[PDB]
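Here's the structure, in C-alpha cells; my notes come after.
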Amino acid sequence: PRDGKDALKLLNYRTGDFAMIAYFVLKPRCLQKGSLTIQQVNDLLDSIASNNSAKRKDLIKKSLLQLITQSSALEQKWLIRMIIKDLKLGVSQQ
DNA sequence: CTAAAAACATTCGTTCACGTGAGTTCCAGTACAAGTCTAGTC
C-alpha cells in the first residue's frame, strides 16, 4: 500500500541504513532459500547497468523483479548494499 | 696473693635497609576502521 507502514518506512528513511529497513520489510514477505548463483547475479547487474546506459527502465524493472523473487531477505540486503556501493564489514580494502 | 670491678666475647630478638623472584592488574602505546576533502548554477 502507498500509505501503508512498509511504504512509509522505506520512503522516509531519513535521507539503521536503508538496507536494514528493506531486510526487515522483506523478512516476512520473501522466501527462505534462494537459487541464484554468483554468475547469475553478476549477469543481472551487468544487464541493469547496460540498460541504464541505454536509457531503458522496463528491463531494469524486470531484472530487479527477478532478483527480488529469486532471493531471500539476507541476499536482498546484501544486494542492496552492493548496489549502493556501501558494503561495510569491519575490514578495509587492505 | 686474693677479691672486686672493668672490659671483652658470644648469642638472641627486634627493627631497618636493600636486593631479587613470582603472580596479578592497570595503562599508555600501537594498530586499524571509518569519515572528510567548497560551493553554486544550469
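Residues in the C-alpha cells are named by chain (A, B, ... in the order shown) and by number from 1 within that chain; ligands are numbered from 1 in the order shown.
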*Dump as a VMD selection string the residues of chain A that approach chain B to within 10 Å, counting only C-alpha atoms (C1' of nucleotides).*
chain A and resid 88 to 92
_Within 8 Å of range 57-71 of chain A using only C-alpha atoms (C1' of nucleotides), minus same-chain residues under 3 positions, as a list in words_ =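 Contacts, with the query itself left out: residues 30, 31, 33, 34, 35, 36, 41, 44, 47, 48, 51, 52, 75 and 76 of chain A.
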Would you mind exporting the chosen residues as a compact mmCIF listing (two decimals), in the first residue's frame, restricted to N, CA and C atoms?
```
# COMPACT_ATOMS: atom_id res chain seq x y z
N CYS A 30 9.35 -12.79 1.88
CA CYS A 30 10.21 -13.42 0.90
C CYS A 30 10.51 -14.86 1.33
N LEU A 31 11.16 -15.59 0.43
CA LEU A 31 11.46 -16.99 0.69
C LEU A 31 12.57 -17.11 1.74
N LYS A 33 15.18 -19.64 1.10
CA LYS A 33 16.33 -20.24 0.42
C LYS A 33 16.30 -19.80 -1.04
N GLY A 34 17.34 -19.09 -1.47
CA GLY A 34 17.44 -18.64 -2.84
C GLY A 34 18.02 -19.71 -3.75
N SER A 35 18.06 -19.37 -5.05
CA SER A 35 18.61 -20.29 -6.04
C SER A 35 19.45 -19.56 -7.09
N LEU A 36 19.94 -18.37 -6.79
CA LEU A 36 20.73 -17.58 -7.73
C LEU A 36 22.20 -17.67 -7.37
N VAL A 41 23.85 -13.39 -10.66
CA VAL A 41 23.75 -12.05 -10.07
C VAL A 41 24.61 -11.07 -10.85
N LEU A 44 22.88 -10.25 -14.10
CA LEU A 44 21.75 -9.34 -13.90
C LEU A 44 22.22 -7.92 -13.65
N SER A 47 23.37 -6.47 -16.92
CA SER A 47 22.23 -6.08 -17.73
C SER A 47 21.62 -4.77 -17.23
N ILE A 48 21.50 -4.63 -15.91
CA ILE A 48 20.94 -3.40 -15.35
C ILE A 48 21.79 -2.20 -15.74
N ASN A 51 21.53 -1.43 -19.52
CA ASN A 51 20.24 -0.85 -19.86
C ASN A 51 20.12 0.58 -19.34
N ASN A 52 20.71 0.85 -18.17
CA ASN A 52 20.72 2.22 -17.66
C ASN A 52 21.51 3.13 -18.60
N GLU A 75 20.01 -12.12 1.24
CA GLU A 75 20.56 -11.88 -0.09
C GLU A 75 20.10 -10.53 -0.63
N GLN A 76 18.84 -10.18 -0.41
CA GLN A 76 18.34 -8.88 -0.86
C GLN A 76 19.05 -7.74 -0.15
```
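Among A:54, A:80, A:43, A:72, the residue with the shortest atom-to-atom distance to residue 19 in chain A, counting only C-alpha atoms, is A:80.
Between CA of residue 73 in chain A and CA of residue 4 in chain A there is a distance of 19.9 Å.
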*Would you work out the distance separating CA of residue 82 in chain A from CA of residue 1 in chain A, expressed in Å to one decimal?*
26.8 Å
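For the pair CA of residue 21 in chain A and CA of residue 39 in chain A, the separation is 26.7 Å.
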*Can you list, as a PyMOL selection string, all residues belonging to chain A that DSSP tags as helix (DSSP H, G or I)?*
chain A and resi 5-11+18-29+38-53+58-69+73-84
*Compile the contact shell of residue 20 in chain A as a count of residues only: residues with an atom at most 8 Å away, counting only C-alpha atoms (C1' of nucleotides), same-chain residues fewer than 4 positions apart removed.*
3
